[PDB]
Structures are given as structure tokens and as C-alpha cells.
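Next comes entry-v4.cif, a file with mmCIF, N, CA and C atoms.
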data_start
#
loop_
_atom_site.label_atom_id
_atom_site.label_comp_id
_atom_site.auth_asym_id
_atom_site.auth_seq_id
_atom_site.Cartn_x
_atom_site.Cartn_y
_atom_site.Cartn_z
N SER A 22 14.68 -15.68 25.26
CA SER A 22 15.99 -14.98 25.19
C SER A 22 15.79 -13.47 25.00
N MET A 23 16.71 -12.70 25.59
CA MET A 23 16.79 -11.24 25.46
C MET A 23 17.08 -10.81 23.99
N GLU A 24 17.87 -11.61 23.25
CA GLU A 24 18.19 -11.37 21.81
C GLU A 24 16.95 -11.40 20.86
N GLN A 25 15.92 -12.17 21.24
CA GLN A 25 14.58 -12.02 20.62
C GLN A 25 13.90 -10.67 21.00
N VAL A 26 14.05 -10.20 22.26
CA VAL A 26 13.54 -8.85 22.73
C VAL A 26 14.11 -7.65 21.92
N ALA A 27 15.39 -7.72 21.54
CA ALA A 27 16.04 -6.71 20.68
C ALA A 27 15.55 -6.73 19.21
N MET A 28 15.16 -7.92 18.74
CA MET A 28 14.50 -8.09 17.45
C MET A 28 13.10 -7.44 17.40
N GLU A 29 12.32 -7.68 18.46
CA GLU A 29 10.94 -7.18 18.62
C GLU A 29 10.86 -5.68 18.88
N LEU A 30 11.83 -5.14 19.61
CA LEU A 30 11.98 -3.68 19.77
C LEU A 30 12.34 -2.97 18.42
N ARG A 31 13.14 -3.62 17.56
CA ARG A 31 13.41 -3.14 16.16
C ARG A 31 12.24 -3.36 15.16
N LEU A 32 11.40 -4.39 15.38
CA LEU A 32 10.18 -4.62 14.58
C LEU A 32 9.11 -3.61 14.93
N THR A 33 8.90 -3.43 16.23
CA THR A 33 8.02 -2.39 16.77
C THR A 33 8.31 -1.02 16.15
N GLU A 34 9.59 -0.70 15.95
CA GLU A 34 10.02 0.63 15.46
C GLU A 34 10.07 0.78 13.94
N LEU A 35 10.22 -0.33 13.22
CA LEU A 35 9.85 -0.39 11.81
C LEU A 35 8.35 -0.16 11.69
N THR A 36 7.57 -0.99 12.39
CA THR A 36 6.10 -0.93 12.40
C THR A 36 5.52 0.45 12.76
N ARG A 37 6.17 1.13 13.71
CA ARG A 37 5.83 2.52 14.01
C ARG A 37 6.26 3.46 12.87
N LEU A 38 7.36 3.17 12.17
CA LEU A 38 7.81 4.01 11.03
C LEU A 38 6.95 3.81 9.77
N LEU A 39 6.56 2.55 9.52
CA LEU A 39 5.62 2.23 8.44
C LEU A 39 4.22 2.82 8.69
N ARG A 40 3.87 3.03 9.96
CA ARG A 40 2.59 3.66 10.28
C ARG A 40 2.51 5.07 9.77
N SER A 41 3.59 5.82 9.96
CA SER A 41 3.69 7.17 9.42
C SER A 41 3.48 7.15 7.91
N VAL A 42 4.19 6.25 7.26
CA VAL A 42 4.32 6.26 5.82
C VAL A 42 2.98 5.95 5.15
N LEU A 43 2.29 4.94 5.66
CA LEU A 43 0.97 4.58 5.19
C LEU A 43 -0.02 5.76 5.31
N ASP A 44 0.07 6.49 6.42
CA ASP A 44 -0.76 7.69 6.63
C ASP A 44 -0.45 8.73 5.56
N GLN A 45 0.82 8.95 5.27
CA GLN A 45 1.23 9.89 4.21
C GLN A 45 0.80 9.47 2.83
N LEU A 46 0.93 8.19 2.52
CA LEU A 46 0.45 7.63 1.24
C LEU A 46 -1.07 7.77 1.06
N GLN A 47 -1.81 7.49 2.14
CA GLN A 47 -3.26 7.50 2.13
C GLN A 47 -3.83 8.90 2.15
N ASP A 48 -3.10 9.90 2.63
CA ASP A 48 -3.49 11.30 2.42
C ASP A 48 -3.44 11.65 0.92
N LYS A 49 -2.61 10.96 0.11
CA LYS A 49 -2.56 11.17 -1.35
C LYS A 49 -3.71 10.48 -2.11
N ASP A 50 -4.67 9.92 -1.37
CA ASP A 50 -5.93 9.38 -1.92
C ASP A 50 -7.06 10.09 -1.18
N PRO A 51 -7.18 11.41 -1.42
CA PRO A 51 -8.25 12.16 -0.74
C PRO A 51 -9.68 11.69 -1.10
N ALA A 52 -9.85 11.07 -2.27
CA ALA A 52 -11.16 10.52 -2.70
C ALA A 52 -11.53 9.21 -2.03
N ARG A 53 -10.53 8.55 -1.46
CA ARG A 53 -10.71 7.28 -0.75
C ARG A 53 -11.06 6.14 -1.69
N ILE A 54 -10.62 6.27 -2.95
CA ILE A 54 -10.85 5.21 -3.97
C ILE A 54 -10.18 3.88 -3.53
N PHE A 55 -9.06 3.98 -2.81
CA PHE A 55 -8.20 2.85 -2.43
C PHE A 55 -8.27 2.43 -0.93
N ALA A 56 -9.22 2.99 -0.19
CA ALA A 56 -9.36 2.85 1.25
C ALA A 56 -9.76 1.49 1.63
N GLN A 57 -10.59 0.89 0.79
CA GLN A 57 -11.17 -0.39 1.09
C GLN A 57 -11.02 -1.40 -0.02
N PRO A 58 -11.12 -2.70 0.31
CA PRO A 58 -11.02 -3.70 -0.79
C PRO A 58 -12.17 -3.49 -1.79
N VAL A 59 -11.93 -3.72 -3.11
CA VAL A 59 -13.02 -3.79 -4.12
C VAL A 59 -14.09 -4.79 -3.68
N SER A 60 -15.33 -4.32 -3.55
CA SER A 60 -16.48 -5.14 -3.16
C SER A 60 -16.77 -6.28 -4.13
N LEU A 61 -16.66 -7.50 -3.63
CA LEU A 61 -17.05 -8.69 -4.41
C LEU A 61 -18.54 -8.77 -4.66
N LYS A 62 -19.32 -8.17 -3.75
CA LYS A 62 -20.77 -8.02 -3.93
C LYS A 62 -21.03 -7.18 -5.16
N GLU A 63 -20.33 -6.04 -5.25
CA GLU A 63 -20.53 -5.04 -6.33
C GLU A 63 -19.78 -5.37 -7.61
N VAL A 64 -18.68 -6.12 -7.50
CA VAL A 64 -17.92 -6.58 -8.68
C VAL A 64 -17.66 -8.08 -8.53
N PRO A 65 -18.72 -8.92 -8.75
CA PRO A 65 -18.56 -10.37 -8.62
C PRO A 65 -17.48 -11.00 -9.53
N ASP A 66 -17.15 -10.41 -10.68
CA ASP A 66 -16.09 -11.04 -11.51
C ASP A 66 -14.64 -10.62 -11.10
N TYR A 67 -14.51 -9.84 -10.02
CA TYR A 67 -13.23 -9.11 -9.79
C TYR A 67 -12.00 -10.03 -9.73
N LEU A 68 -12.13 -11.14 -9.02
CA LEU A 68 -11.01 -12.08 -8.90
C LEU A 68 -10.77 -12.89 -10.21
N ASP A 69 -11.68 -12.88 -11.18
CA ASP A 69 -11.36 -13.36 -12.51
C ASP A 69 -10.29 -12.43 -13.12
N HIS A 70 -10.34 -11.13 -12.79
CA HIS A 70 -9.38 -10.17 -13.35
C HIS A 70 -8.10 -10.00 -12.53
N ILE A 71 -8.25 -9.92 -11.20
CA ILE A 71 -7.17 -9.52 -10.32
C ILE A 71 -6.98 -10.62 -9.24
N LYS A 72 -5.81 -11.24 -9.24
CA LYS A 72 -5.55 -12.42 -8.43
C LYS A 72 -5.10 -12.08 -7.04
N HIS A 73 -4.41 -10.94 -6.89
CA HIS A 73 -3.98 -10.45 -5.55
C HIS A 73 -4.49 -9.04 -5.30
N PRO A 74 -5.75 -8.92 -4.83
CA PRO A 74 -6.33 -7.61 -4.48
C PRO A 74 -5.60 -6.98 -3.32
N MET A 75 -5.53 -5.65 -3.26
CA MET A 75 -4.93 -4.91 -2.17
C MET A 75 -5.60 -3.54 -2.09
N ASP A 76 -5.73 -3.04 -0.86
CA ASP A 76 -6.24 -1.71 -0.54
C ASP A 76 -5.59 -1.22 0.80
N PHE A 77 -5.76 0.06 1.14
CA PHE A 77 -5.22 0.59 2.41
C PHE A 77 -5.65 -0.09 3.76
N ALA A 78 -6.93 -0.38 3.98
CA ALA A 78 -7.37 -0.97 5.27
C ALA A 78 -6.74 -2.35 5.55
N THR A 79 -6.65 -3.13 4.47
CA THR A 79 -5.99 -4.46 4.41
C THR A 79 -4.49 -4.33 4.73
N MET A 80 -3.81 -3.32 4.18
CA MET A 80 -2.40 -3.07 4.49
C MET A 80 -2.20 -2.66 5.96
N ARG A 81 -3.19 -1.95 6.51
CA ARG A 81 -3.24 -1.50 7.88
C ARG A 81 -3.53 -2.65 8.92
N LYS A 82 -4.40 -3.61 8.60
CA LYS A 82 -4.60 -4.77 9.46
C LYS A 82 -3.24 -5.46 9.66
N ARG A 83 -2.59 -5.73 8.52
CA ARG A 83 -1.28 -6.35 8.47
C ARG A 83 -0.12 -5.55 9.07
N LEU A 84 -0.25 -4.24 9.07
CA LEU A 84 0.72 -3.39 9.75
C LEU A 84 0.58 -3.46 11.29
N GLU A 85 -0.64 -3.43 11.83
CA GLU A 85 -0.86 -3.50 13.29
C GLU A 85 -0.81 -4.94 13.83
N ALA A 86 -0.84 -5.92 12.93
CA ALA A 86 -0.40 -7.27 13.26
C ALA A 86 1.11 -7.48 12.98
N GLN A 87 1.91 -6.41 12.95
CA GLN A 87 3.38 -6.47 12.74
C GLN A 87 3.79 -7.48 11.68
N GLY A 88 3.12 -7.40 10.53
CA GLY A 88 3.29 -8.38 9.45
C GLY A 88 4.22 -7.98 8.31
N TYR A 89 4.77 -6.77 8.34
CA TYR A 89 5.73 -6.33 7.32
C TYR A 89 7.12 -6.48 7.88
N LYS A 90 7.88 -7.39 7.28
CA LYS A 90 9.19 -7.77 7.78
C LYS A 90 10.21 -6.72 7.40
N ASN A 91 10.05 -6.13 6.21
CA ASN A 91 10.96 -5.08 5.73
C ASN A 91 10.16 -3.99 5.00
N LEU A 92 10.84 -3.05 4.33
CA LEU A 92 10.16 -1.99 3.58
C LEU A 92 9.69 -2.54 2.21
N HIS A 93 10.53 -3.35 1.58
CA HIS A 93 10.19 -3.99 0.32
C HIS A 93 8.83 -4.74 0.39
N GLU A 94 8.56 -5.48 1.46
CA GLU A 94 7.25 -6.13 1.59
C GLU A 94 6.09 -5.10 1.61
N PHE A 95 6.34 -3.95 2.24
CA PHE A 95 5.33 -2.88 2.34
C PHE A 95 5.05 -2.28 0.96
N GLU A 96 6.15 -1.94 0.28
CA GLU A 96 6.18 -1.36 -1.06
C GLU A 96 5.52 -2.22 -2.11
N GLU A 97 5.67 -3.55 -1.98
CA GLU A 97 4.97 -4.48 -2.88
C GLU A 97 3.45 -4.32 -2.74
N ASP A 98 2.93 -4.35 -1.51
CA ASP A 98 1.49 -4.18 -1.29
C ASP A 98 0.94 -2.87 -1.90
N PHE A 99 1.72 -1.81 -1.81
CA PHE A 99 1.33 -0.53 -2.31
C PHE A 99 1.21 -0.51 -3.83
N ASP A 100 2.21 -1.08 -4.47
CA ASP A 100 2.23 -1.28 -5.92
C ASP A 100 1.16 -2.18 -6.46
N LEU A 101 0.74 -3.20 -5.70
CA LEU A 101 -0.46 -3.98 -6.02
C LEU A 101 -1.70 -3.10 -6.17
N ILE A 102 -1.96 -2.27 -5.16
CA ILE A 102 -3.07 -1.33 -5.19
C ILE A 102 -3.07 -0.57 -6.53
N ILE A 103 -1.90 -0.02 -6.89
CA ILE A 103 -1.78 0.81 -8.08
C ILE A 103 -1.91 0.01 -9.39
N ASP A 104 -1.18 -1.09 -9.47
CA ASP A 104 -1.09 -1.91 -10.64
C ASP A 104 -2.40 -2.64 -10.97
N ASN A 105 -3.15 -3.08 -9.94
CA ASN A 105 -4.46 -3.74 -10.09
C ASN A 105 -5.41 -2.72 -10.65
N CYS A 106 -5.41 -1.55 -10.05
CA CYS A 106 -6.23 -0.47 -10.52
C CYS A 106 -6.01 -0.15 -12.02
N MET A 107 -4.75 -0.03 -12.44
CA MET A 107 -4.41 0.32 -13.83
C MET A 107 -4.62 -0.80 -14.85
N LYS A 108 -4.81 -2.03 -14.37
CA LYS A 108 -5.30 -3.10 -15.23
C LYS A 108 -6.81 -3.18 -15.27
N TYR A 109 -7.46 -3.08 -14.12
CA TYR A 109 -8.89 -3.33 -14.08
C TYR A 109 -9.60 -2.23 -14.84
N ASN A 110 -9.17 -1.00 -14.62
CA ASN A 110 -9.86 0.20 -15.14
C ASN A 110 -9.18 0.76 -16.36
N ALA A 111 -9.97 1.24 -17.31
CA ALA A 111 -9.42 1.88 -18.54
C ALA A 111 -8.71 3.21 -18.26
N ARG A 112 -7.87 3.60 -19.22
CA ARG A 112 -7.04 4.82 -19.12
C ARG A 112 -7.89 6.08 -18.86
N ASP A 113 -9.07 6.18 -19.51
CA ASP A 113 -9.93 7.39 -19.32
C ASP A 113 -10.95 7.18 -18.22
N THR A 114 -10.46 6.80 -17.05
CA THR A 114 -11.35 6.68 -15.91
C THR A 114 -10.81 7.42 -14.73
N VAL A 115 -11.75 7.86 -13.88
CA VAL A 115 -11.41 8.48 -12.63
C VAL A 115 -10.52 7.55 -11.82
N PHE A 116 -10.76 6.24 -11.93
CA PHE A 116 -10.06 5.29 -11.12
C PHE A 116 -8.61 5.17 -11.53
N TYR A 117 -8.35 4.97 -12.83
CA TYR A 117 -6.99 4.82 -13.36
C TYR A 117 -6.23 6.13 -13.13
N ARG A 118 -6.89 7.27 -13.35
CA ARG A 118 -6.21 8.59 -13.15
C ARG A 118 -5.82 8.78 -11.66
N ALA A 119 -6.65 8.30 -10.73
CA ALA A 119 -6.33 8.36 -9.31
C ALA A 119 -5.11 7.48 -8.93
N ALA A 120 -4.95 6.31 -9.56
CA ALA A 120 -3.74 5.47 -9.31
C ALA A 120 -2.45 6.12 -9.91
N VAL A 121 -2.60 6.74 -11.06
CA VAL A 121 -1.47 7.41 -11.70
C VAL A 121 -1.00 8.52 -10.76
N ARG A 122 -1.97 9.27 -10.25
CA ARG A 122 -1.67 10.37 -9.30
C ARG A 122 -1.03 9.88 -8.00
N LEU A 123 -1.55 8.79 -7.44
CA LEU A 123 -1.03 8.23 -6.21
C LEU A 123 0.38 7.63 -6.34
N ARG A 124 0.63 6.96 -7.46
CA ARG A 124 1.96 6.44 -7.81
C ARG A 124 2.94 7.63 -7.78
N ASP A 125 2.67 8.62 -8.60
CA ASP A 125 3.54 9.77 -8.80
C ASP A 125 3.91 10.49 -7.47
N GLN A 126 2.88 10.83 -6.71
CA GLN A 126 3.00 11.45 -5.39
C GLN A 126 3.57 10.54 -4.32
N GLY A 127 3.20 9.26 -4.34
CA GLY A 127 3.73 8.28 -3.38
C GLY A 127 5.24 8.04 -3.56
N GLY A 128 5.74 8.25 -4.78
CA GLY A 128 7.17 8.09 -5.09
C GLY A 128 8.11 8.93 -4.24
N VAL A 129 7.63 10.09 -3.80
CA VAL A 129 8.36 11.04 -2.95
C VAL A 129 8.46 10.55 -1.49
N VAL A 130 7.31 10.14 -0.97
CA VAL A 130 7.20 9.60 0.38
C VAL A 130 8.04 8.32 0.53
N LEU A 131 8.04 7.48 -0.51
CA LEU A 131 8.74 6.20 -0.49
C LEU A 131 10.26 6.37 -0.67
N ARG A 132 10.64 7.40 -1.43
CA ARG A 132 12.04 7.69 -1.73
C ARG A 132 12.75 8.32 -0.52
N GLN A 133 12.00 8.89 0.43
CA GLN A 133 12.60 9.34 1.70
C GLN A 133 12.53 8.24 2.75
N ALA A 134 11.46 7.45 2.66
CA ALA A 134 11.23 6.32 3.55
C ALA A 134 12.32 5.25 3.44
N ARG A 135 12.86 5.09 2.23
CA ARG A 135 13.93 4.13 1.99
C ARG A 135 15.15 4.54 2.82
N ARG A 136 15.56 5.78 2.60
CA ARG A 136 16.71 6.37 3.28
C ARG A 136 16.64 6.31 4.82
N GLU A 137 15.46 6.50 5.41
CA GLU A 137 15.31 6.45 6.90
C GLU A 137 15.44 5.04 7.50
N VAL A 138 14.98 4.04 6.75
CA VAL A 138 15.16 2.60 7.07
C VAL A 138 16.64 2.20 7.04
N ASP A 139 17.32 2.60 5.97
CA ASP A 139 18.76 2.38 5.79
C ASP A 139 19.57 3.09 6.89
N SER A 140 19.32 4.39 7.06
CA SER A 140 19.89 5.19 8.15
C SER A 140 19.71 4.56 9.56
N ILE A 141 18.46 4.45 10.02
CA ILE A 141 18.12 3.86 11.34
C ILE A 141 18.14 2.30 11.41
N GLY A 142 18.62 1.63 10.35
CA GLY A 142 18.90 0.19 10.37
C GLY A 142 17.68 -0.66 10.12
#
Spell out the structure here as C-alpha cells.
Amino acid sequence: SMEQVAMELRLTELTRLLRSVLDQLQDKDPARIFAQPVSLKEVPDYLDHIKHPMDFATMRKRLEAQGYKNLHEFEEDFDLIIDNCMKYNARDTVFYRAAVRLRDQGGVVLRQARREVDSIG
């Protein structure tokens, strides 16, 4: 049906809009602390601590597989990255300070991103 084609043209354009946003969020991690999943080789106990790991490359596989149905699903993955980090790592660490910074700065990008989704449907 053509009515499925209109759905896919609107998913494509969410997916293209989320592409921008992820790039903007990931520029706020210039150290690349969050670029890749935490290495299970290097941190074998990691899943004892964190049950739903998340990082930027993983969010990007799922973005180019058109796997984010709405903005809320995208925003959840982003908050996982931040929240896992702030549990796993102590307050006086480069890692925890980098998540605090990314949260704070990402809040601006996400607060405009909400409005553009609502605006353009």
C-alpha cells in the first residue's frame, strides 16, 4: 500500500533529523569517552554493574537501521549512556565529570530537537 510509503518517508525524515542530533551530541564528547561500548575484555565485571550498556556507535547502528520510532526512544538511549557512567564511576573521576558535562550541554540540543519534531510532525 501507498499509505505504508507515506509512513516510511516520515520515518526516513525522522531518521535523517536524528542523524543531525546525534552528531551534535557526540561533538559534546570531544574526548570520545562515550564513542564505543565499555570493553568487556577490559572490564569483565561490567554487566554485574550495568544491565543496559549504551554508547554512541551502538546508537548509530540502530539509527541507520531506522530503529528509533520516536524522539523519546532516542532520548532514553542517550540518558543510559549518562546514567550508567554516573553509577559505574565515582564523582571525582574524569569519566563521571565528562557525563555531567555531556548531560548539561546535551540538554540544549535536545530542547530544540523536541520542538522541531513537534513542529514538523
Alpha helix (DSSP H) per DSSP on the backbone: members of segment 57-100 of chain A, as a PDB file with N, CA and C atoms, in the coordinates of the input:
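Result went into result.pdb, see below:
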ATOM      1  N   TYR A  67     -14.510  -9.840 -10.020  1.00  0.00           N
ATOM      2  CA  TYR A  67     -13.230  -9.110  -9.790  1.00  0.00           C
ATOM      3  C   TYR A  67     -12.000 -10.030  -9.730  1.00  0.00           C
ATOM      4  N   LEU A  68     -12.130 -11.140  -9.020  1.00  0.00           N
ATOM      5  CA  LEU A  68     -11.010 -12.080  -8.900  1.00  0.00           C
ATOM      6  C   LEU A  68     -10.770 -12.890 -10.210  1.00  0.00           C
ATOM      7  N   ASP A  69     -11.680 -12.880 -11.180  1.00  0.00           N
ATOM      8  CA  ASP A  69     -11.360 -13.360 -12.510  1.00  0.00           C
ATOM      9  C   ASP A  69     -10.290 -12.430 -13.120  1.00  0.00           C
ATOM     10  N   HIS A  70     -10.340 -11.130 -12.790  1.00  0.00           N
ATOM     11  CA  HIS A  70      -9.380 -10.170 -13.350  1.00  0.00           C
ATOM     12  C   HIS A  70      -8.100 -10.000 -12.530  1.00  0.00           C
ATOM     13  N   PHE A  77      -5.760   0.060   1.140  1.00  0.00           N
ATOM     14  CA  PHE A  77      -5.220   0.590   2.410  1.00  0.00           C
ATOM     15  C   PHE A  77      -5.650  -0.090   3.760  1.00  0.00           C
ATOM     16  N   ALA A  78      -6.930  -0.380   3.980  1.00  0.00           N
ATOM     17  CA  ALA A  78      -7.370  -0.970   5.270  1.00  0.00           C
ATOM     18  C   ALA A  78      -6.740  -2.350   5.550  1.00  0.00           C
ATOM     19  N   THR A  79      -6.650  -3.130   4.470  1.00  0.00           N
ATOM     20  CA  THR A  79      -5.990  -4.460   4.410  1.00  0.00           C
ATOM     21  C   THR A  79      -4.490  -4.330   4.730  1.00  0.00           C
ATOM     22  N   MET A  80      -3.810  -3.320   4.180  1.00  0.00           N
ATOM     23  CA  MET A  80      -2.400  -3.070   4.490  1.00  0.00           C
ATOM     24  C   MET A  80      -2.200  -2.660   5.960  1.00  0.00           C
ATOM     25  N   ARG A  81      -3.190  -1.950   6.510  1.00  0.00           N
ATOM     26  CA  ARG A  81      -3.240  -1.500   7.880  1.00  0.00           C
ATOM     27  C   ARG A  81      -3.530  -2.650   8.920  1.00  0.00           C
ATOM     28  N   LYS A  82      -4.400  -3.610   8.600  1.00  0.00           N
ATOM     29  CA  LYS A  82      -4.600  -4.770   9.460  1.00  0.00           C
ATOM     30  C   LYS A  82      -3.240  -5.460   9.660  1.00  0.00           C
ATOM     31  N   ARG A  83      -2.590  -5.730   8.520  1.00  0.00           N
ATOM     32  CA  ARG A  83      -1.280  -6.350   8.470  1.00  0.00           C
ATOM     33  C   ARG A  83      -0.120  -5.550   9.070  1.00  0.00           C
ATOM     34  N   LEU A  84      -0.250  -4.240   9.070  1.00  0.00           N
ATOM     35  CA  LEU A  84       0.720  -3.390   9.750  1.00  0.00           C
ATOM     36  C   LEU A  84       0.580  -3.460  11.290  1.00  0.00           C
ATOM     37  N   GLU A  85      -0.640  -3.430  11.830  1.00  0.00           N
ATOM     38  CA  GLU A  85      -0.860  -3.500  13.290  1.00  0.00           C
ATOM     39  C   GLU A  85      -0.810  -4.940  13.830  1.00  0.00           C
ATOM     40  N   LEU A  92      10.840  -3.050   4.330  1.00  0.00           N
ATOM     41  CA  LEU A  92      10.160  -1.990   3.580  1.00  0.00           C
ATOM     42  C   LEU A  92       9.690  -2.540   2.210  1.00  0.00           C
ATOM     43  N   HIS A  93      10.530  -3.350   1.580  1.00  0.00           N
ATOM     44  CA  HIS A  93      10.190  -3.990   0.320  1.00  0.00           C
ATOM     45  C   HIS A  93       8.830  -4.740   0.390  1.00  0.00           C
ATOM     46  N   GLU A  94       8.560  -5.480   1.460  1.00  0.00           N
ATOM     47  CA  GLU A  94       7.250  -6.130   1.590  1.00  0.00           C
ATOM     48  C   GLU A  94       6.090  -5.100   1.610  1.00  0.00           C
ATOM     49  N   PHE A  95       6.340  -3.950   2.240  1.00  0.00           N
ATOM     50  CA  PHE A  95       5.330  -2.880   2.340  1.00  0.00           C
ATOM     51  C   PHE A  95       5.050  -2.280   0.960  1.00  0.00           C
ATOM     52  N   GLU A  96       6.150  -1.940   0.280  1.00  0.00           N
ATOM     53  CA  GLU A  96       6.180  -1.360  -1.060  1.00  0.00           C
ATOM     54  C   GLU A  96       5.520  -2.220  -2.110  1.00  0.00           C
ATOM     55  N   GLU A  97       5.670  -3.550  -1.980  1.00  0.00           N
ATOM     56  CA  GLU A  97       4.970  -4.480  -2.880  1.00  0.00           C
ATOM     57  C   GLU A  97       3.450  -4.320  -2.740  1.00  0.00           C
ATOM     58  N   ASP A  98       2.930  -4.350  -1.510  1.00  0.00           N
ATOM     59  CA  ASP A  98       1.490  -4.180  -1.290  1.00  0.00           C
ATOM     60  C   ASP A  98       0.940  -2.870  -1.900  1.00  0.00           C
ATOM     61  N   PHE A  99       1.720  -1.810  -1.810  1.00  0.00           N
ATOM     62  CA  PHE A  99       1.330  -0.530  -2.310  1.00  0.00           C
ATOM     63  C   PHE A  99       1.210  -0.510  -3.830  1.00  0.00           C
ATOM     64  N   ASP A 100       2.210  -1.080  -4.470  1.00  0.00           N
ATOM     65  CA  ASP A 100       2.230  -1.280  -5.920  1.00  0.00           C
ATOM     66  C   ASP A 100       1.160  -2.180  -6.460  1.00  0.00           C
TER      67      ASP A 100
END
Hey, which bits of segment 90-133 of chain A sit within 8 Å of segment 23-47 of chain A, and for each residue what's the closest pair of atoms and how far apart in Å (one decimal), counting all atoms listed in the file, rows by chain and increasing number, as CSV?
residue,atom,partner,partner_atom,distance
A:90,C,A:32,CA,7.5
A:91,C,A:35,CA,7.7
A:92,CA,A:39,CA,7.9
A:95,CA,A:39,CA,8.0
A:123,CA,A:46,C,7.3
A:126,C,A:46,CA,7.0
A:127,CA,A:46,CA,5.7
A:130,CA,A:46,N,6.8
A:131,N,A:42,CA,7.4
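Interatomic distance, atom N of residue 79 of chain A to atom C of residue 58 of chain A: 8.4 Å.
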Contacts of segment 119-122 of chain A at 7 Å or less, counting all atoms listed in the file, minus same-chain residues fewer than 6 places along, as a PyMOL selection string? chain A and resi 49+102-103+106-107
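Every protein, DNA or RNA residue with an atom at most 8 Å from residue 73 of chain A, where all atoms listed in the file count and chain neighbours fewer than 2 positions away do not, is listed here: residues 68, 70, 71, 75, 76, 101, 102 and 105 of chain A.
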